Structure formats: structure tokens, C-alpha cells
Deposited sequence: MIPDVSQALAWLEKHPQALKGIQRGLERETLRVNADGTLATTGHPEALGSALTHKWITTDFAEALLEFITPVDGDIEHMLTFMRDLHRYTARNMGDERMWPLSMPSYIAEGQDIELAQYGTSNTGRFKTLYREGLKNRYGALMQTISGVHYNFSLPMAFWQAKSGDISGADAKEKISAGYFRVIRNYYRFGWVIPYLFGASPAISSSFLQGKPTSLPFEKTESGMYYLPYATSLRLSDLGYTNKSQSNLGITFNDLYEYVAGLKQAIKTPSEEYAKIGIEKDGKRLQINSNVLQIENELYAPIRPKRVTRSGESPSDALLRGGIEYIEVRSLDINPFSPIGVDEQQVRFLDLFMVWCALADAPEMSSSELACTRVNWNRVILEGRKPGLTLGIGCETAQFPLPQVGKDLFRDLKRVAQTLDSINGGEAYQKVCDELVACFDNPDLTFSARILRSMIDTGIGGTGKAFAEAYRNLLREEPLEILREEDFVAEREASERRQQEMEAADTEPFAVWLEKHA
């Protein structure tokens, strides 16, 4: 089932310097909670300054939902250390609150009570909140509290150079679409290794054969990542809207068409209700982020550009992988082993040939993802090519892919010096013979002993105590203070610069 990539591997083995200079960035989300596991209802902590403008620390959907963002970086340890400093500083400046360490929250009784991220009174800040109001009304606040890690990745120019004019940005875009098509066909290996959400609170809910406990914890005995299942998110699958990844313009046209298509469903919600604005507009997507997407091509926008404008202007700059659950075994929710595996997998995805796929061939790649998501750890599980009958045992497919990943590891290890990528392959490949080594088996044992609540409360306490004692390593305290002051100032400035009232301004971005 794994295709044959000997030509591309051989090519890579003869050009190791083509991989020198990979760039990465991490985003990690986590709810602020009290010791009892419930969402804090305090505001974004003072010491973090303005969530709207801050460089490293912001909020996602909810006021209690923190997001840490590392600046693009070529060194894995440097980037993880940076991430850990954000966590350390935050952990000691949020009063008695702490950070929820799983993707799935514990029982929440009233989704409707959750405060949306608040961004002040400037037009940009309100738009951002109104966007969330919109999401709240379309899909419910509850699902937005489920969190994850994004891993952002780009190959160096050297890679493309070893593989002229206006073609360059086109070859690069084509190669990233290749990576994306391959992620669709094979990326189920990610939730298999690192899925960490085999259980969900009944407060968040089916034909599924759930085991139940009296506190409302539901779980599937072999699942890997319910975060990625239909129960773990509410919005429209890019796959489902019929967006494809064969060609850049086509992709952008599909995306932009969704921004402009009105929706009968969302019009029923209404745009206003008692002088309170309820969504930005009533289109399928309010803005491009509303598209649910396990993986997404990107380019950093310039001032005023929409994300898709940037793509059209400059082609794909880098890939965002969104399918990683929070790593509950790391205080920062992600570790070196995961980052190195994604390096190897993404690189492999860029090498393997990937035929174009129509909407329904893409839909078929999801059959395997669903098997792995809901019962990836089942003894005897078999996978198939697209929709064809399942017939390849999962472990053997894993070992096949790792035969290749190991060759890429050898190449990366020889340029970085050391053995770090090879060790990672050996550690991970073992998970195909023993599914009990995977994150989701480990975290299910924990959740059976103490619940989602008990497991999250206990890690959150333990992690709070590491994080708040550890010395800052790269950022120092005065950097947090400086960035607090500067972020607050940029917010005062946007507030003062507005000249039109929100209603008028809105009528030109709605």
C-alpha cells in the first residue's frame, strides 16, 4: 500500500544538502482552568498584555483559550525551549489558574456561558470577536474549546533548487500540493502514533459503540483521536465542500467561492437580533479561517491581504499541519519526538509521487483516517487503497513507511550530525507491533483510572508546578514585560486610529 519511492530516496541520498535549512513554527492551544478543571472566567491575564497584538501569546476562540506561537525557526531545540519559556512565564502569572493538558476538556454544563475572546473596542478587535460570535451561533461554543497543536513547516529553497523565473513559485506550489495529497493518503499515521483523545465527555455530544462511566466519560476501546472525528469538530470539512489540491488557482477559487456563497442554514440564524450582531455575514464561510482543514497551504499575508490573496500573489510558502492532539505527556503539549517525526513524514510526502485527486478520490482517502481515528488500535485492523476493500494489515503498512522514513532520517542525521532522527524511527516503529505504546493507549489507561477530569486536573497541577519553578532560558522576564507594554500600546493605537463607527466600517469587510 505504501508506494515505491526508491528513485526519490536515492536522489535525496545523493543530495543531502538539499534538506539543510528546514523552517518550523509551533502553535499550541490550552484552556486556562481552575484547580477543579473548569474554565477560568477571569480575563486574559494582565501580564500577557494585549491578546490582539502580542507577538507570542494570544487567544483562540474563547477568552480562556490561550494560544502560544513560536516565531519561525530552523532549530528544533531552540523552538521547543522558546515555547517552554512562554509556558513558564504564563504559568507564574495567571494567579491560581493552570493550563488544561488534554485536547478534550472535562464536562462543561453550559456551552453558551463561555466568554468569547475579547479584543477591545477597535474595529479590528470587534471584528475578531464577532467572528467568534458567529462561530458560536453556527456551531456552538462547546466544540471550540477542544484544543490542539499546529505544526508549520517549509523546505529550504535548496531543496527545490536541486529538484527558473515565474516557474519557481509554481514548482514550489506544485510540490506543496503533492505534500498535501500525500498527507491525505498516508497522514493517518499521525493520529495512530500521537492521537491522544480516545475519550470525550458526554456533555459534548450516535451509533458508535461507546463504553460509558457514570460521570459521563465516553470512550472507544481502540480509538486514537476523537478530536479528529465528527464528534470533535463542528464545521465543514474542506474535503466535504469540494475543495481539491491539484492546482493553486483551483484551490483558491474554491476557497473564495465558499466565502461568497450564502447559506440557508446560517441565514436562519439571522445577522442581528435585538441590536446584537450575531455573525459577520451569512455565508458558508464567514472568512477563510472558518474552513475546517487538517492541513492547509499558507503564505504570510501582507497588509490587507486575505490568506488566499497571499497564496495567489506568491504561491505556497509553507504547510500548516493541524491534526496533532495535545501531547498530554509534555507540559508544553508537544515534544521533540513528534516534531522530528513530522520533519521525516513531511519530507517523505514531498518525495513520493502523488497523482491528482478529485473531490471523491479525496473523500476516499478519508476511509482509512476514519478506521484509525475510531479504532486504530484494534488488533487485526486492515487498511485499503481509497475505497477498495481493506486488505493491508496496519502494522505492515507502518513498517513499510518507516523503511523509507529511516532513509530520510539517515540523510537528515548526516547533515545535522548525530543520530536523533534515527532514534526517533526506532522508537516509533515499535508502536506498530505494540499499539499499547501509542499516546492514545497510554492516555486511555490514565482516563480509565481517574477520568478525563481526574487525569487533566492531575497533569495540570504537576505541569503548573514544573513550569512555574523552571528558570526562563531564552526570553527573560524583562522581555515579557517589554512585550506586554508594546502590545498594549499597539492596541491603544488601533483604538485611537479608528475613524468610522463599527457598523459603518463593518459594511466594508462583512
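Not built in the structure, per the record, are deposited positions 164 to 167, 210 to 213.
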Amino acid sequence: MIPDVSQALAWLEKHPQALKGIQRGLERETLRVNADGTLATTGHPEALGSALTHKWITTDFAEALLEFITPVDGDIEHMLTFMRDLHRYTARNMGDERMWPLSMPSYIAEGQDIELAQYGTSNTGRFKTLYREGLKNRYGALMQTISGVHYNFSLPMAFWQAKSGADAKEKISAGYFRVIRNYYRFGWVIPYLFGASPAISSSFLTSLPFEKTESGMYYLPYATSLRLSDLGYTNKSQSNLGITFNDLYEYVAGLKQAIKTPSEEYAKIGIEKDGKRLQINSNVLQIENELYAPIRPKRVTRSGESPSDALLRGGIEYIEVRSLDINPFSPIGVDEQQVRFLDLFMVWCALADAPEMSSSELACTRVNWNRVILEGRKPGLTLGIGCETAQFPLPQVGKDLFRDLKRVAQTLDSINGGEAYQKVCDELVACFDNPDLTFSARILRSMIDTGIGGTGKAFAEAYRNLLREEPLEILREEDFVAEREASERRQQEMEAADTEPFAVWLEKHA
From here on, numbers count along this sequence of modelled residues.
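For residue 193, the record comparison shows coordinates present in all the other entries of this protein that model its neighbours, with no third of them leaving it out. Figure legend: residue 343 is marked as modelled in all of the other comparable entries of the protein, none of which omit it, let alone a third. Annotation for 128 to 136 versus 260 to 268: the higher mean temperature factor (C-alpha) is found in 260 to 268. Relative to its counterpart among 394 to 402 and 187 to 195, 394 to 402 has the higher mean temperature factor, C-alpha atoms as listed in the PDB entry. Across the residues 159, 219, 82, 341, the deposited record lists the maximum Cα B factor for 159. Of all the options 108, 102, 231, 149, the entry's greatest CA B-factor is assigned to 231.
Per-chain ranking of the deposited C-alpha B factor places residue 442 in the lowest third. In the PDB entry, residue 292 places in the highest third of its chain by CA B-factor. Sort the modelled residues of the chain by CA B factor and residue 247 lands in the middle third. Residue 226: CA B factor in the lowest third of modelled residues in this chain (values from the PDB entry).
Among all modelled residues in its chain, residue 476 ranks in the highest third by Cα B-factor.
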